[PDB]
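# Topology and contacts: notes
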Amino acid sequence: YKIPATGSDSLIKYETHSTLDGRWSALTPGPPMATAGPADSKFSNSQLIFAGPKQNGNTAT
Amino acid sequence: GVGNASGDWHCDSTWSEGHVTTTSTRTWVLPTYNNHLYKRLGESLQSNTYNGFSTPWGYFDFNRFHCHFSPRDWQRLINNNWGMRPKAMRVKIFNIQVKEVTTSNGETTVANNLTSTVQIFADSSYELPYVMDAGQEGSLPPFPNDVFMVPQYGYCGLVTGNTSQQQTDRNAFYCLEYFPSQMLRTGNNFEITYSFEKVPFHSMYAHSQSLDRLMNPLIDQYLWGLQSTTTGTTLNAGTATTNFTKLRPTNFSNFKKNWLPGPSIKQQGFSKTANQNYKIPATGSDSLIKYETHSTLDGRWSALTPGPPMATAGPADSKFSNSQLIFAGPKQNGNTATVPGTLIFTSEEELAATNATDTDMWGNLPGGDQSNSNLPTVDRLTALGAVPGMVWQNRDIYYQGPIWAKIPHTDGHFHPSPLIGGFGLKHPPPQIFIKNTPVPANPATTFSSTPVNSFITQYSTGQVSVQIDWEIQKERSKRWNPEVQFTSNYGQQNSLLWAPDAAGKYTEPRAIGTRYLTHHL
Amino acid sequence: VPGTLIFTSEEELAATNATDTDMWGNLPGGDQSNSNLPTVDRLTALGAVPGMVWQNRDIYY
Amino acid sequence: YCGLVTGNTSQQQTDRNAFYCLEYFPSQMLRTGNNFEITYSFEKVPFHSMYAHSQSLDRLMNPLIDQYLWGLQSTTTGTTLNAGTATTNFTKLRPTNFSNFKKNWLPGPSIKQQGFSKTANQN
Amino acid sequence: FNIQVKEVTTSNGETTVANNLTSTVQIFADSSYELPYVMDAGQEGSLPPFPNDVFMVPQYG
Amino acid sequence: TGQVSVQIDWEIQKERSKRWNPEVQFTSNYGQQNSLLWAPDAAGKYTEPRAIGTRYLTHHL
Amino acid sequence: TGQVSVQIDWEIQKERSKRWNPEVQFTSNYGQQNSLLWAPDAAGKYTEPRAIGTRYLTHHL
Amino acid sequence: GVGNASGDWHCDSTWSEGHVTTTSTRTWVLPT
Amino acid sequence: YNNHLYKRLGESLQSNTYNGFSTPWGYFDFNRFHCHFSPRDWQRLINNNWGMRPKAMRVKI
Ligand SMILES: [Mg+2]
Ligand SMILES: [Mg+2]
Ligand SMILES: [Mg+2]
């Protein structure tokens, strides 16, 4: 679904998050749970993502 | 003997390194309760249904901090130490005086009964229902000059269902005469020593760091995360694209973290301003207990209060909840009030550094699975139990609050820190029972097997000393700037606070917690 | 016919444990005000919370 | 023995599945005159509790004494909801209002189960 | 033990009781069985079953 | 008036039966009671509700 | 075919209650039975008629 | 003497192997 | 058993799906209370004790 990075409808809103003193903190990686395979077409905040060997910038599509 | 005191008065506090000993002496008065009888209690009141027994015995309660610390001593404690815990305890009951009361045509007259006794025993094996840890009255008064009445011992039994007080075969009856007890005449005294099991130090500090801000604000993470699923700033608009980003400064809310805020259960928030609340009656099918967070045990409702340690509203905020302890203010003598200003509200706002907020929620989570055609609802996580990686701080102890609680005799318990505050102990300070031994009045001169029910009217009085050794841990901070300190800052006062007024009445004007000093996470 | 079977019970656990077919309790569905009375939500499932105690189930012959 | 089941539709095993051959262990061989013996000690475990509680968790207080703690009793005057005069009615928590007493402990964790009747037509 | 001898005095109104510190009570056990034994006749006068009950010492006859 | 203490040492012999099935046992089985039996009532009066013998266990001849 | 012996040493902790009134006790109370329960029947078949837990005695919290 | 109790209250029962001791204390009143 | 063979087990049955092996071996199970206690012994245990736990075990074939 098309969810922007900023605004009232930013991604942090639709992602599982804890609330500490009114501030949102994305639940990530979160409690140990079974995730999708590393090669599956899906992922979540429960998975650690590292920069690949050809990733030098700080953003990627 | 008769003309020789069986003990002296002792009310000081000795401070040393890592230790402080409090000593408190008070005068007590013990009347004859239940007219020497045991009465079976019970009443069918829906969620208030209960059964049990009132006994003719009285008992001593030392379970409040102000019984042991003067306000100045409490200040010495909280402004300089990060932790404290009880270590040992010694109790003495002496200078016993049994009085005989006689009524005549005019006024009543009192006289010493030198041969009468009082019975005293400590339930050191915990064979009797423990009630000294229920946040109830009966403890030694905070002021050394005050004389108090020894509270009557009574206990509750098993309640079955949520409508009848009827007892079953499982209900127990405990006769206290069935225990061995010391009998004391005016010359005798009673003493008992007790050691506390090792318990963790109470944390007497507020955190100067937030759980979601434990990172170096200058460095990026080597971890990546999804930033958005479209281009632009509008929802359901733009070009679909999985935008990933290295997690770096000023996006702290999305940083990968190792720990989570502790468990929480949403409480209902009410305004101190009357017209800001919905109109909910005290009784009926729509009573307040219904709209307040409550647990259900065997069909009976029990308001969640104070409940699990959570961040609450400031003590001066316009709102409060059942998570906050409320004490009677200095001018509150009745048992009801419509003006919150006459009451003292405590607060656990310092807990916002690691604990979730009581009237808010632990967080949010998806109501379903999202896709290019389905945007799940944002569900609220109003209640959440222990999850791996959670951390939290217990609620604070107060000057006028409880010290210990008996951890329930059960197979399982999670974090046995009493919710009203204090130290959870498996073997708490033993209950000490006292009773005026019955003295039969003039009997008939013909034998009768009927139990005697005519007694001489009596009451006793004496002194009680309680000494507690406390272990304290001095703050050892490297903080450069000045800390917050509990300070006397009432300004000009017609009558000095924390002191008896012109009429001689002593009252506590404020609640004093223990969290002024700070500590990083 | 259930009469041919032997049913065990953990009714003695009602002294400290919640009832299995009931709920742990209730909590507000939202925030109340002079114009909003929140729904009374049911707490049908609840994990370990500080201050909880319970008895294990019984062993049988 | 059962092995690792992957997914919820196929019994197919993966490389993670293990096969254990018991002949691959050392064993005593016994003819009609031989016997086998083995001793074992249990680790320290808690005692099973062979008792029912004669007290309720929400009734651990002295039923004769008031609490020195206060609580909100109601937010209006009367007995009707959304009626009466708005007022923050506070009260000292005292006997026969045990449901509102401040307590130190809570009932343990729980997960709602479905209840069925032993009477057929009631389900 | 804990013997207390009370002196009773009557007046115009009610009667008053007072301790008589110098008065005695006499006690002896018929250890040689020289007196008629009556403690085994299924009669009243034994200590009451309830620990809190106060009883009247039965008259010997 | 005074106090009286009585202490009795009793010799007992435990049953040592080889009986396989459960024995009869004296048990509290009064069911629901407005006022717990073998306990003082609301007015504080203590009464014994039943006679209890000593023959629940069995022995062969 | 052969025999198998199993011996278990159990540690037990006696109840040490101060409760005054009688406790609930597991008791044989099946009344008149054509064939004694917890015993083989006329055909020699042995069956267990009831489930027996371990919670008859009580304890306060 | 006068202001000193000449005994204490004792009402328990101690169970052992092959033995049990009962202890009972009561208050009595003796008229003339 | 299995005619001396090891058979690979497995069946696709949705939530009942399973895989494994049946072996030609048998095994001894002592994991039930009634294997060790007679009904009368169980009664002796539960009517007089607040707690119990296993301490040691010895098996002979
Ligand atoms: Mg006090
Ligand atoms: Mg227990
Ligand atoms: Mg008698």
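- Per the PDB record, this model was obtained through cryo-EM at a reported resolution of 2.21 Å.

### Here's the deal with unusual backbone geometry
- In this structure, the amide linkage connecting A:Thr28 to the following residue, A:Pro29, adopts the cis form with an omega of 0°.
- Inspection of the secondary structure puts A:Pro29 in the loop between β2 (23–26) and β3 (59–60).
- Even without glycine at this site, B:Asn34 takes up a positive phi of about 50°.
- Counting through the fold element by element, B:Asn34 comes out in the loop between β2 (19–31) and β3 (39–43).
- The class for B:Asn34 is buried, based on a relative accessible area of 17%.
- In the Ramachandran plot, B:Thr250 falls in the positive-phi region, its phi being about 85° despite a non-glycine side chain.
- Along the chain, B:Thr250 falls in the loop between β15 (240–246) and β16 (260–261).

### Considering the interface of chain C and chain D
- Contacts between the two partners involve 26 residues from chain C and, on the opposite side, 22 residues from chain D.
- Taking both sides of the interface into account, the surface hidden between chain C and chain D amounts to around 2,000 Å²; carbon and sulfur atoms contribute 60%.
- Run the count over chain C and chain D and you get 15 residue pairs in polar contact.
- Elements represented by at least two residues in the side of chain C that touches chain D include exactly β3 (45–46) and β4 (52–54) of chain C.
- The element best represented in the side of chain C that touches chain D is β4(C), accounting for three residues.
- Its residues assigned to classes, the side of chain C that touches chain D shows 15 nonpolar, six polar and five charged.
- Pairing analysis gives two bridges linking β3(C) to strand β7 (residues 110–111) of chain D, with the strands arranged antiparallel. Within β7(D), the position partnered with C:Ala45 by the bridge is D:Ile111.

### Some words on the UniProt feature "binding site: Mg(2+) 1" (unreviewed entry) in chain B
Residue and element names in this part refer to chain B.
- When the UniProt feature table is mapped onto this chain numbering, "binding site: Mg(2+) 1" (unreviewed entry) sits at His66.
- Structurally, the position occupied by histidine 66 is in the loop between β4 (50–60) and α1 (71–80).
- The exposure class of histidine 66 is buried, given its relative accessible area of 2%.
- Dropping the residues within four chain positions of it, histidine 66 is found in contact with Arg26, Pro142, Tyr399, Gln400 and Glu508.

### Some points on the interface of chain B and chain D
- With 89 residues of chain B at the contact, the number on the chain D side is 54 residues.
- The interface formed by chain B and chain D contains two salt bridges.
- Between B:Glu137 and D:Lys92 there is a salt bridge; the shortest N-O distance is 2.6 Å.
- Summed over the shared surface of chain B and chain D, the number is 39 residue pairs in polar contact.
- No other element matches the five residues that strand β9 (residues 152–156) of chain B contributes to the side of chain B that touches chain D.
- Residue classes in the side of chain B that touches chain D are distributed as 48 nonpolar, 30 polar and 11 charged.
- Two elements, strand β23 (residues 336–337) of chain B and strand β5 (residues 86–92) of chain D, share two bridges in a ladder whose sense is antiparallel. From the neighbouring strand, B:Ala337 faces β5(D), where its bridge partner is D:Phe90.

### Some details on the nonpolar core
- In terms of nonpolar packing, the biggest core is built from 52 residues, with B:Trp28, B:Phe60, B:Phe62, B:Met84, B:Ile93 and B:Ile432 touching the most fellow members.
- At the level of elements, β2, α1, β5 (81–103), β7 (118–122), β11 (190–195), β31 (423–425), β32 (432–436) and β33 (458–474) of chain B are the ones that each hand at least two residues to this core.
- Counting residues per element, this core draws most heavily on β5(B), at six residues.
- Residue contacts for B:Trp28: discarding those within four places in its chain leaves B:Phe60, B:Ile93, B:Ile96, B:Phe148, B:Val150, B:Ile434, B:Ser460, B:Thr461, B:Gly462, B:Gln463 and B:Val464.
- In terms of nonpolar packing, the next biggest core, distinct from the first, is built from 29 residues, B:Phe53, B:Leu128, F:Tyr30 and F:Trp38 among them.

### A closer look at empty space enclosed by the protein
- Taken as a whole and assessed by the stated rule, the structure comprises 11 cavities of 30 Å³ or more.
- Classifying every residue of the lining of the largest cavity gives 10 nonpolar, two polar and six charged.
- Quantified by volume, the second largest cavity comes out at close to 80 Å³.
- As for the second largest cavity, its lining consists of B:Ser295, B:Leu297, B:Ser302, B:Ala303, B:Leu304, B:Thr305, D:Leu57, D:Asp58, D:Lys103, D:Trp105, D:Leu106 and D:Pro107.
- Secondary-structure elements contributing two or more residues to the lining of the second largest cavity are β19 (294–297) and β20 (300–303) of chain B together with β6 (106–107) of chain D.
- Tallied by class, the residues present in the lining of the second largest cavity amount to seven nonpolar, three polar and two charged.

### Section: the side chain of B:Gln332
- Looking at the element boundaries, B:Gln332 is found in the loop between β22 (326–328) and β23.
- Among the polar contacts listed, one links the side chain of B:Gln332 to the backbone nitrogen of B:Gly334, at a separation of 3.2 Å.
- Once you skip the residues sitting within four places of it in the chain, B:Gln332 turns out to touch B:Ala337, B:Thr342, B:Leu343 and D:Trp70.

### Some details on the layout of surface pockets
- In this model, the second largest pocket occupies a volume close to 2,200 Å³.
- Lining the second largest pocket are 46 residues, and of these E:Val57, E:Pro58, E:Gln59, E:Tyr60 and H:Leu30 sit closest to its centre.
- Contributing elements (two or more residues each) for the lining of the second largest pocket: β1 (6–10) and β3 (54–56) of chain E, β1 (2–11) of chain F together with β2 (19–29) of chain H.
- Looking at the lining of the second largest pocket, its residues break down into 30 nonpolar, 13 polar and three charged.

### As for the pattern of salt bridges
- Summed over the entire model, instances satisfying the criterion amount to 25 salt bridges over all chains.
- The salt bridge involving A:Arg23 is made with B:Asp212; its shortest N-O contact spans 3.0 Å. Of this pair, A:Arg23 sits in strand β2 while B:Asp212 sits in the loop between β13 (205–207) and β14 (224–230), which puts the two residues in different chains.
- A salt bridge links B:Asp396 to B:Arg515; the nearest nitrogen and oxygen atoms lie 3.4 Å apart. Taken together, the positions of B:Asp396 in the loop between β28 (390–391) and β29 (404–406) and B:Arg515 in the loop between β33 and β34 (517–519) put the pair 119 residues apart, joining distant regions of the chain.

### What to know about the sheet that holds β15(B)
- Within the open sheet, the three strands sit side by side as β3(A)-β15(B)-β14(B). Their pairing is antiparallel. Two strands lie at the open edges of the sheet, namely β3 of chain A together with β14 of chain B, each paired on one side alone.

### Some remarks on the state of the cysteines
All names here are of chain D.
- Per the counting criterion, the structure on display carries zero disulfides over all chains.
- Left without a disulfide partner, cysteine 2 is nearest to the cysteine sulfur of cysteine 21, which lies 19 Å away.
- With relative accessibility at 62%, the residue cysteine 2 sits in the exposed group.

### Concerning the packing of aromatic side chains
- Counted by the stated rule, this structure contains 59 aromatic pairs over all chains.
- Each ring, one from E:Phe50 and one from F:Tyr46, has its centre 4.5 Å from the other, and the planes form 10°; the classification is stacked. Here F:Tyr46 lies in the segment after β1 and E:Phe50 lies in the loop between β2 (15–19) and β3, a pairing that spans two chains.
- Overall, the relative accessible area of 2% leaves E:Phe50 in the buried class.
- By relative accessible area, which is 13% here, F:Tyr46 ends up buried.
- Pairing E:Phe50 with G:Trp20 gives two aromatic rings, centres 5.9 Å apart and planes at 85°, and the pair type is edge-to-face. With one member in each of two chains, E:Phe50 in the loop between β2 and β3 and G:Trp20 in the loop between β1 (5–14) and β2 (57–59) form a pair that bridges those chains.
- Accessibility expressed as a relative area gives 22% for G:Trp20, which makes it partly exposed.
- A cation over an aromatic ring shows up here: D:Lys118 above the ring of C:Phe7, its NZ or CZ 4.0 Å from the ring centre.
- Positioned above the aromatic ring of B:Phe179 is the side chain of G:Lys18, whose terminal nitrogen or guanidinium carbon lies 4.9 Å from the ring centre.

### Thoughts on a nonpolar patch on the surface
- Together, F:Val6, F:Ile8, F:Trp10, F:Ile12 and H:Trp15 make up an exposed nonpolar region whose accessible area comes to about 500 Å².
- The leading source of residues in the nonpolar patch is β1(F), at three residues.
- Following the sequence through the fold, F:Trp10 ends up in strand β1.

Conventions adopted
Residues numbered from 1 in each chain as written, not as in the entry; some residues may be left out. Chains lettered and ligands numbered in written order. Part of a larger assembly, values for the part shown. Heavy atoms only, no water. Helix = DSSP H or I, 4+ residues; strand = E, 2+ residues; numbered from the N terminus. Buried < 20%, exposed > 50% of the residue type's maximum accessible area, 1.4 Å probe, protein only. Contact = heavy atoms within 4.5 Å. Buried area = accessible area lost by both parts, 1.4 Å probe. Polar contact = N/O pair within 3.5 Å; in protein donor to acceptor, adjacent residues only side chain to side chain. Nonpolar A, V, L, I, M, F, W, Y, C, P; charged D, E, K, R; others polar. Pairing = 2+ DSSP bridges. UniProt positions renumbered as here; feature names shortened; annotations may be inferred. Salt bridge = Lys/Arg side-chain N within 4 Å of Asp/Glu carboxyl O. Core = buried A, V, L, I, M, F, W, Y, C linked by side-chain atoms within 4.5 Å. 1 Å grid on protein atoms, 1.4 Å probe; cavity = no way out; pocket = protein on both sides within 12 Å on 5 of 7 lines; lining within 4 Å. Points joined across faces, edges and corners; volume = space filled by probe spheres on them. Disulfide = S-S within 2.5 Å. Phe/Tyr/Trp six-rings, centres within 6.5 Å; stacked < 30°, edge-to-face > 60°. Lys NZ or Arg CZ within 6 Å of the ring centre and 35° of its normal. Patch = residues over 30% accessible without salt bridge, like charges linked within 9 Å, V, L, I, M, F, W, Y side chains within 5 Å. Areas by Shrake-Rupley, 256 points an atom, 1.4 Å probe, with all protein chains shown as cover.

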